[PDB]
Amino acid sequence: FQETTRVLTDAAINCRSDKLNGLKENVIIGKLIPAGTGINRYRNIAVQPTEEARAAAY
Amino acid sequence: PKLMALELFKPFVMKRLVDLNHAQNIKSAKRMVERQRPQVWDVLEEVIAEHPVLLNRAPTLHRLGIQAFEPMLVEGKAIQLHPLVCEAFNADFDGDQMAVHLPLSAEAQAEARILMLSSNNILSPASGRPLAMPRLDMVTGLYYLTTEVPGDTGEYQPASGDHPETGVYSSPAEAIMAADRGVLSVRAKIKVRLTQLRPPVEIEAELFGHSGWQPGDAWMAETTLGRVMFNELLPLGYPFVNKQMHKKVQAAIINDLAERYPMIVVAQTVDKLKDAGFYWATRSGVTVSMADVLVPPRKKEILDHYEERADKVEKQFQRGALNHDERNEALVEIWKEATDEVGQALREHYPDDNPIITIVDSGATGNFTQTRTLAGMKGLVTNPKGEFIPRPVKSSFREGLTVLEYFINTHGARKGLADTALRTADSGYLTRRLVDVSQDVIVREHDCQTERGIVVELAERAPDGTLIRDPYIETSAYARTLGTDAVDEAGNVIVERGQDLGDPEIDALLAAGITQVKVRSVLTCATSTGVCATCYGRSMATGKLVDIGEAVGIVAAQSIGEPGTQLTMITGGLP
Amino acid sequence: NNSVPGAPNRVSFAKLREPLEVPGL
Amino acid sequence: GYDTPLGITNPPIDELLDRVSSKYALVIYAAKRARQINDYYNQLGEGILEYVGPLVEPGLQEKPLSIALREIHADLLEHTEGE
Amino acid sequence: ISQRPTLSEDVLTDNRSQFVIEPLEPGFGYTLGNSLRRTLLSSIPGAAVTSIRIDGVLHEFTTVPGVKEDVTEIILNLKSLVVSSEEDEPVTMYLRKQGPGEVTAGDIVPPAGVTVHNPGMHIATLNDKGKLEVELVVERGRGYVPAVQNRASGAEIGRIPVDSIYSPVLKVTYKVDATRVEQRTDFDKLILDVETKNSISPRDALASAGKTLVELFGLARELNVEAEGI
Amino acid sequence: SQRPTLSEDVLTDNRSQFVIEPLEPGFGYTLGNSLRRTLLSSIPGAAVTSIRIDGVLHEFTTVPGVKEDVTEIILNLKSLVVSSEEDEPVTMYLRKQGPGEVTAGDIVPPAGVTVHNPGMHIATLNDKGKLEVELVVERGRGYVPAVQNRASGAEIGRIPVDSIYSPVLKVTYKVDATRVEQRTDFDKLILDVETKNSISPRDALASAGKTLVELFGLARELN
Amino acid sequence: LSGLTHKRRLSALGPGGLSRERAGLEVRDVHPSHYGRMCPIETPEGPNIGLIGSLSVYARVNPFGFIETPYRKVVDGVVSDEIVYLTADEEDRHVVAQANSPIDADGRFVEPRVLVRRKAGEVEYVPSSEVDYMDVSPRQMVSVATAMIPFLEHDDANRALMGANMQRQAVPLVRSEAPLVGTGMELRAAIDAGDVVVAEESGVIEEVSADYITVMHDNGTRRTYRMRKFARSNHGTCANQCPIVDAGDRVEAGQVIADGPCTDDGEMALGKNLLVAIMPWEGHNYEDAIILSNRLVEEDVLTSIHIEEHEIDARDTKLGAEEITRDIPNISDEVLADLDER
Amino acid sequence: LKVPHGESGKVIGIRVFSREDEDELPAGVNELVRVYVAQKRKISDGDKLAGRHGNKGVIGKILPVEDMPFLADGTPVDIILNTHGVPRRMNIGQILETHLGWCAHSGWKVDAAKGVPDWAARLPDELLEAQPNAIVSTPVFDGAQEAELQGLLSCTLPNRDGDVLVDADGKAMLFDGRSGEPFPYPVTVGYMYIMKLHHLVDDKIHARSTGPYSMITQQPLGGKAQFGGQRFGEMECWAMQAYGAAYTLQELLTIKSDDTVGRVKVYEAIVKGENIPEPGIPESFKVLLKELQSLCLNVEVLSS
Ligand SMILES: [Mg+2]
Ligand SMILES: [Zn+2]
């Protein structure tokens with residue numbers, strides 16, 4: 001946003017390790033945005049045909 | 001255009017073609033595609049069966065500025081488009097240009113096919129009401145079709161002694177055939193016998209005794225063939241509508257359909273209605289000619305009288321008692337009164353057949369002031385300082401202005417151009433800042449199970465009347481989730497706790513006479529980060545409760561920033 | 001009143017006469 | 001209880017939402033199945049039939065995602081939520 | 001030029017149909033559709049009722065005694081009746097009943113030739129000690145003709161002409177759709193829609209209409225000799 | 001009461017009127033419109049396809065001795081009307097030298113083709129220059145863009161020209177209705193057609209009739 | 001027309017002038033002293049609105065640089081045929097009449113009261129004697145581009161400005177046609193445009209050709225004019241000249257001899273004449289859309305010619321000098337089948 | 001040198017300048033040659049048209065000549081204009097221009113046997129008798145009045161068929177080209193001057209699937225001539241975020257703009273039947289890292 005040098009210095013002094021939270025930073029990096037279809041609640045889904053379909057598939 | 005799609009689907013076409021053994025390798029397939037042999041068109045048609053594409057009018061402003069339409073091959077070098085989506089992009093078909101993207105992976109395909117599809121975004125995000133509705137031209141056609149006229153050809157008549165009563169048709173098919181033959185005007189009073197249209201509740205509860213209408217039950221209606229033909233477009237089961245279709249009526253009907261039926265049915269009926277309106281607009285006989293713009297009959301006498309009074313005040317000033325400011329005030333007020341009187345006379349002159357009157361009254365476009373300027377008097381005009389010049393124009397554009405009047409008039413156009421030029425940038429900057437401020441708002445939890453709910457006065461009860469609807473209930477408490485049940489005076493519950501509010505529920509509450517209601521709001525959300533879904537309430541584009549993870553900050557920013565363009569002047573405008 | 005020698009003839013809805021030709025543009 | 005639609009809008013959206021919890025889950029819930037279908041087609045020449053092919057009989061050269069969406073509407077798939 | 005043959009597809013329903021012609025040369029869509037619709041709607045011959053009589057009523061202002069329905073309702077009910085006739089001259093038909101109950105088209109005694117294709121159709125209902133006698137004439141024709149064209153008809157007591165429907169088909173609708181046979185990608189695809197009565201099938205109505213139109217254009221063709229594509 | 005229609009001809013110098021009646025009510029308009037639509041776009045004909053000008057490599061240039069450049073002469077030649085009897089590309093010649101005027105009558109057509117308007121003005125020549133132009137005459141129907149010859153990959157000396165195969169010029173119809181209450185309720189169609197003199201109106205009408213008969217024959221077959 | 005307008009343009013920005021941001025908004029508005037000097041209609045649509053005007057039809061620059069405007073002075077209520085040129089200061093100090101005011105053939109004012117323009121923004125009737133100055137023509141405040149828009153007294157200011165700006169964007173067609181309805185300032189605006197040749201002395205043409213013409217002067221001196229054919233214009237369009245004279249005609253001096261682009265018989269013609277109909281048609285003309293008959297396409301009614309331009313150069317380098325050569329490494333003969341020996 | 005993307009036509013002329021022939025050239029050059037390519041463009045879809053009254057538009061569709069409405073005498077129209085845009089824009093002048101154009105084209109002859117009509121008092125004595133395809137001129141601020149047009153429209157010469165098409169008001173009866181039946185109400189017709197704007201469609205249309213990539217920014221080139229892709233503004237990112245679409249944004253930012261190996265792999269997978277591999281690390285992020293590590297700021301990753 002603004003005053004990049006000052007905030008950069010302040011963060012470096014404190015060794016502020018920040019998780020990839022929010023959208024702007026997460027889009028600057030390029031990783032999936034943590035919104036919509038990006039939240040871990042949906043990004044990790046395992047889908048397989050129901051056993052009934054497999055028994056009756058053939 | 002094919003010249004664009006073929007160059008845009010090159011890898012897919014090459015792959016499917018080498019699959020079909022029209023070439024031997026990939027390089028040969030690419031070369032053949034480059035040469036555009038007649039063996040490529042079939043594969044190109046086969047490879048885009050259900051492949052969505054992304055359109056984007058530059059510059060996109062709001063959420064609905066990026067749609068996802070199914071492609072379709074057509075000749076030419078222009079990207080065809082649907083008439084009802086131009087409003088979403090605020091595009092005008094006069095040289096506007098939009099980009100076209102394309103998702104590649106199987107994930108982007110599903111994303112653009114489910115979420116970004118156009119048919120699932122009829123409702124604007126600003127308010128939970130549809131935006132894609134008959135806008136400009138087809139509305140005139142619908143008004144003409146549903147309009148009623150007395151003493152037409154083939155209208156209904158009563159039994160006159162030895163002659164039967166004519167004007168009754170067994171079914172709409174016979175009426176259509178009669179109209180085709182040329183013995184029944186499309187808009188006349190008739191008594192048809194419908195069989196597949198639920199009658200209005202007032203007749204449904206009486207004729208059938210509330211037993212319930214079903215297809216195959218006949219009832220004798222009293223309407224015009226145009227109204228029946230229009231109602232046939234509406235989805236089955238909808239009660240019959242038997243009133244002239246002003247734009248307000250159109251909006252009410254569309255809103256009711258959106259609030260009572262699923263989105264897909266609404267889209268289908270909107271498409272059918274648009275097609276019918278386009279078909280019937282051409283035959284409405286709406287044109288422009290010198291005989292259409294008719295001069296007022298007695299404007300000269302009124303103008304002479306007002307000029308005589310102006311001369312009277314001029315002599316009063318010549319006496320020297322008054323100063324320049326008083327003279328200017330007197331002149332401006334006198335000429336404003338004269339313009340109002342001339343406008344009233346012009347309105348009283350025109351009949352209900354002129355194309356201008358038909359267009360303006362039907363809400364198609366414009367207002368009466370433009371018609372007055374075009375036929376009556378343009379009146380006093382603005383000045384570079386903003387004050388009204390003491391010299392009014394005494395002629396309309398039809399009759400013909402003079403050099404001095406046009407020179408005086410140019411100022412308003414110049415100032416309006418400058419105002420628009422500054423307003424566009426002002427709105428853009430404001431929208432950018434508003435988007436910036438609220439980037440990180442997202443619905444995290446499903447429910448914060450909090451109790452603090454802002455109380456909003458739903459509708460005030462008059463001291464003399466029984467109940468008066470609040471003029472802003474449509475905005476404050478229309479989609480918010482009801483914090484607590486609004487139990488009526490008795491023990492019966494009309495709306496239960498947690499149940500989202502809406503048009504039928506708002507009507508029920510109005511019937512119960514409840515005035516004060518406590519509603520769950522997001523301002524008091526107890527969620528640590530973001531806001532719980534329950535607090536937020538019913539969504540805008542979805543029509544239901546918001547789903548977990550959906551961004552709300554961006555939507556709010558876009559919604560608030562979009563109307564910034566029209567914001568103009570302690571100032572009251574955008575500043 | 002065609003100043004140029006052989007311009008095409010096109011009668012006009014003339015009501016007033018201009019006492020001077022348009023100067024060299 | 002309405003006219004059958006045509007194009008990519010078949011099956012409709014509201015019907016699918018009755019199965020899936022939310023529209024945001026459905027997109028992945030169908031994309032993963034489409035990926036499995038494409039993998040099965042890739043191995044059709046030879047391999048293990050662990051990624052069972054389409055459940056509903058496909059059309060004439062239909063995209064795998066269309067097959068996934070048309071079979072999800074038939075309630076023939078089961079999935080686990082986030083992790 | 002042979003070009004490409006145009007085949008007429010077909011779809012089936014209870015009594016409706018959606019005949020499809022594909023492909024057609026650019027611009028021939030409407031050229032077919034409009035004329036074909038008009039021919040189907042007002043070319044096929046048929047039979048229907050023209051006038052009725054009620055000895056129990058002197059004019060039309062009132063209603064027949066002892067019947068729940070009104071004169072206008074009776075006229076409407078009897079107009080929709082589907083009658084097929086094979087005799088050119090106008091024959092008569094009588095409907096008579098006594099006592100309480102209902103009346104159905106099948107109960108009307110038909111003379112030789114004429115037949116009713118819907119016996120279960122309702123007309124009206126009678127209360128106790130009710131009676132009504134009707135003498136309706138049936139004529140064969142084409143298309144639609146209003147009762148106004150039958151106003152001046154001799155001199156009678158209670159002659160009440162009714163708007164007849166001399167056609168077995170009553171509704172037709174069509175559209176045009178683009179098609180891609182080649183890089184032209186503009187060929188039209190006619191989509192016809194017809195819904196006939198019970199006295200004819202959509203496909204036979206369409207065949208009769210095509211027969212009539214081809215016979216009509218035979219005059220244009222016969223003026224000289226010259227060939228074209230399929 | 002019920003009679004089949006009949007078509008008769010009322011003749012004029014070059015535009016003929018055709019009267020058709022009796023037709024059932026509300027049916028003349030559609031028939032007239034269908035005939036007009038099938039007449040103005042599906043009548044076979046022949047017209048110049050591509051030219052060859054000696055001593056000229058393309059169309060954006062001139063030639064000494066003439067008063068107008070190549071584009072103007074191409075535009076003028078577009079008005080030329082010819083009828084083809086053979087179904088293959090034939091070749092004509094146009095050789096005119098010296099001062100004077102060059103008209104449509106100076107072409108020496110081969111056997112099987114003719115030029116019916118020798119009065120057209122192509123261009124004019126000054127004594128300095130001469131002219132020799134070779135042109136093709138193919139038979140087609142409708143309208144084709146000139147670029148068709150671009151992909152043939154011929155030599156430099158070939159110049160494509162737009163082809164317009166249509167002998168019909170204007171068509172109109174009016175209906176004389178008889179809406180008396182008698183069963184004589186019919187309408188009388190009055191169709192008027194004018195041709196470019198390549199073919200008489202009767203031939204074009206017969207061709208259109210045959211086209212429509214062949215097109216509608218696909219429905220008379222029992223389904 | 002575009003070239004003439006550009007030559008007549010009046011800029012207000014650039015070096016030695018105010019910038020866009022510092023320039024006030026008020027300067028972009030009209031002034032009661034603009035009548036007769038700078039047209040108030042013609043103006044760019046973009047943000048440079050009001051900073052780019054145009055001389056009036058009759059405006060002439062005085063030797064110092066103050067624009068003038070012709071006027072005929074009324075001495076004792078009688079119009080004077082003789083005319084004089086007045087600047088802003090002198091114009092303010094006098095009484096200027098109205099051209100459209102009726103005047104008798106003898107110069108007598110039929111109306112006792114005639115409207116008049118005063119010091120600034122003041123108009124009021126005055127006796128028909130004190131009036132001192134009268135305008136020349138009603139068209140004394142319009143620009144050159146705006147002067148050729150028929151029925152300009154009926155449109156709106158914004159619409160008139162839009163039409164004037166649009167008129168400067170036409171494209172030369174192949175076969176131009178003069179308008180059926182247009183002001184009388186078309187041929188004059190074309191002769192002065194310079195894109196049309198004209199004879200200097202009254203002579204008789206001996207012979208004409210598509211590429212050059214030869215006119216014989218009455219004094220026995222032969223002269224020849226060369227006409228450029230199909231030369232790329234400064235903006236990518238084409239320019240040509242077609243003589244409209246016949247062999248053996250005594251052409252008088254000042255008579256046009258050839259028509260340049262957008263011309264038809266020595267008068268401007270930027271378009272064609274089409275038969276229009278005003279009615280909504282199946283929504284294909286929805287929201288400013290337009291429908292065109294295929295007759296225009298198949299008759300070259302609106303066919304234009306555009307000429308591109310490319311250039312390559314072989315400049316020396318420290319590693320050597322590049323040379324254009326027919327041969328090129330690793331290229332099939334078919335690819336270079338078009339290149340010549342050089 | 002090769003023809004750019006989206007050009008065609010004949011080669012009309014070639015100009016070559018040689019230093020051997022003593023031709024002035026810019027310093028450091030030996031042979032500069034320029035080639036002119038001329039193409040004939042026919043008006044097509046997506047082209048701008050506009051009259052002299054400032055009414056722009058685009059060619060929505062070019063119907064066949066056999067489909068346009070035609071006058072009662074068989075004269076098909078050439079262009080159709082919408083009507084709802086006239087009164088709102090308030091440019092009624094074009095209607096008068098069309099009426100006057102029709103009157104001049106058809107030719108008129110005002111009756112004078114009984115005397116000049118009162119409405120024709122001020123008409124020039126030589127303007128009472130016109131010929132077909134006549135030429136008329138109305139100077140600005142001084143032209144034919146409404147009464148003049150009313151009188152003229154009532155005396156137009158009849159067509160060669162002997163009948164007059166337009167009425168006194170100026171409207172006429174048409175015939176639909178599709179249905180074939182006349183419209184219920186009359187319509188206005190006439191000749192109006194139409195120009196052609198320079199905003200052609202061929203210049204605008206452009207496509208790009210795969211082509212040259214910039215060497216300094218690793219991004220596709222820009223512009224139609226260079227055969228480069230389109231720009232993707234940040235407002236588009238905001239819109240994509242609004243819908244909650246994530247993978248699409250990921251692709252747009254990583255797999256189609258920067259990642260080299262990503263582009264190669266996805267192109268090969270599309271060429272084959274394999275699924276598109278997930279994108280990688282965009283070049284922008286890696287450049288930002290290797291640049292910020294230059295300021296002594298140890299920027300770790302913490303994959304854990
Ligand atoms: Mg625009
Ligand atoms: Zn909460």
# chains A, B, ... in the order shown; residues from 1 in each chain; ligands from 1
$ select_by_dssp --residues "range 27-122 of chain H" --states "strand (DSSP E)" --output "list in words"
residues 29, 30, 31, 32, 33, 34, 35, 36, 37, 38, 39, 40, 41, 42, 49, 50, 58, 59, 60, 61, 62, 63, 70, 71, 79, 80 and 81 of chain H
$ residues_around --residues "residue 90 in chain E" --least-positions-apart "4" --cutoff "9 Å" --atoms "only C-alpha atoms" --output "VMD selection string"
chain E and resid 137 to 140
$ closest_atom_pairs --of "chain A" --to "chain H" --cutoff "12 Å" --atoms "only C-alpha atoms" --output "CSV"
residue,atom,partner,partner_atom,distance
A:5,CA,H:295,CA,11.2
A:8,CA,H:297,CA,9.3
A:9,CA,H:297,CA,9.0
A:10,CA,H:297,CA,11.7
A:11,CA,H:297,CA,10.4
A:12,CA,H:297,CA,7.1
A:13,CA,H:297,CA,9.8
A:15,CA,H:298,CA,9.7
A:16,CA,H:299,CA,11.0
A:17,CA,H:302,CA,8.9
A:18,CA,H:302,CA,10.3
A:19,CA,H:302,CA,9.8
A:20,CA,H:301,CA,11.2
A:22,CA,H:241,CA,11.6
A:23,CA,H:241,CA,8.5
A:24,CA,H:238,CA,10.2
A:25,CA,H:285,CA,11.2
A:26,CA,H:250,CA,10.4
A:27,CA,H:250,CA,8.2
A:28,CA,H:285,CA,7.6
A:29,CA,H:285,CA,5.9
A:30,CA,H:250,CA,6.6
A:31,CA,H:250,CA,7.0
A:32,CA,H:246,CA,6.1
A:33,CA,H:246,CA,6.1
A:34,CA,H:246,CA,8.3
A:35,CA,H:244,CA,6.1
A:36,CA,H:244,CA,4.0
A:37,CA,H:246,CA,5.8
A:38,CA,H:246,CA,6.0
A:39,CA,H:246,CA,9.6
A:42,CA,H:246,CA,11.6
A:43,CA,H:246,CA,10.4
$ residues_near_ligand --ligand "ligand 1" --cutoff "10 Å" --atoms "only C-alpha atoms and all ligand atoms" --output "list in words"
residues 90, 91, 92, 93, 94, 95, 96 and 97 of chain B; 288 of chain G; 56 and 57 of chain H
$ interface_residues --of "chain C" --to "chain H" --cutoff "12 Å" --atoms "only C-alpha atoms" --output "PyMOL selection string"
chain C and resi 8-18
$ write_last_selection --atoms "N, CA and C atoms" --output "short mmCIF file (atom, residue, chain, number, x, y, z; two decimals), in the first residue's frame"
data_model
loop_
_atom_site.label_atom_id
_atom_site.label_comp_id
_atom_site.auth_asym_id
_atom_site.auth_seq_id
_atom_site.Cartn_x
_atom_site.Cartn_y
_atom_site.Cartn_z
N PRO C 8 -21.91 23.01 -60.84
CA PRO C 8 -23.25 22.47 -61.12
C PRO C 8 -24.33 23.42 -60.62
N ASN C 9 -25.46 23.42 -61.32
CA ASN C 9 -26.57 24.31 -61.01
C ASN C 9 -27.47 23.64 -59.98
N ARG C 10 -27.66 24.30 -58.84
CA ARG C 10 -28.54 23.81 -57.77
C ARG C 10 -29.24 25.01 -57.15
N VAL C 11 -30.47 25.28 -57.60
CA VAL C 11 -31.24 26.37 -57.03
C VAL C 11 -31.38 26.18 -55.52
N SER C 12 -31.48 27.30 -54.80
CA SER C 12 -31.47 27.29 -53.35
C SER C 12 -32.68 28.05 -52.81
N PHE C 13 -33.06 27.72 -51.57
CA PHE C 13 -34.11 28.44 -50.86
C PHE C 13 -33.53 29.75 -50.33
N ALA C 14 -33.18 30.63 -51.27
CA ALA C 14 -32.59 31.92 -50.94
C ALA C 14 -33.69 32.93 -50.66
N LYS C 15 -33.55 33.66 -49.56
CA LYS C 15 -34.47 34.74 -49.22
C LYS C 15 -33.72 36.05 -49.01
N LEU C 16 -32.47 35.95 -48.56
CA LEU C 16 -31.63 37.12 -48.32
C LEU C 16 -30.33 36.97 -49.09
N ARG C 17 -29.79 38.11 -49.53
CA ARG C 17 -28.58 38.14 -50.33
C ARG C 17 -27.41 38.60 -49.46
N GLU C 18 -26.29 37.88 -49.55
CA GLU C 18 -25.09 38.29 -48.84
C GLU C 18 -24.29 39.27 -49.69
#
$ atom_distance --atom1 "CA of residue 15 in chain G" --atom2 "CA of residue 2 in chain G"
24.0 Å
$ residues_near_ligand --ligand "ligand 2" --cutoff "9 Å" --atoms "only C-alpha atoms and all ligand atoms" --output "list in words"
residues 445, 446, 447, 448, 449, 450, 451, 520, 521, 522, 523, 524, 525, 526, 527, 530, 531, 532, 533, 534, 535 and 536 of chain B
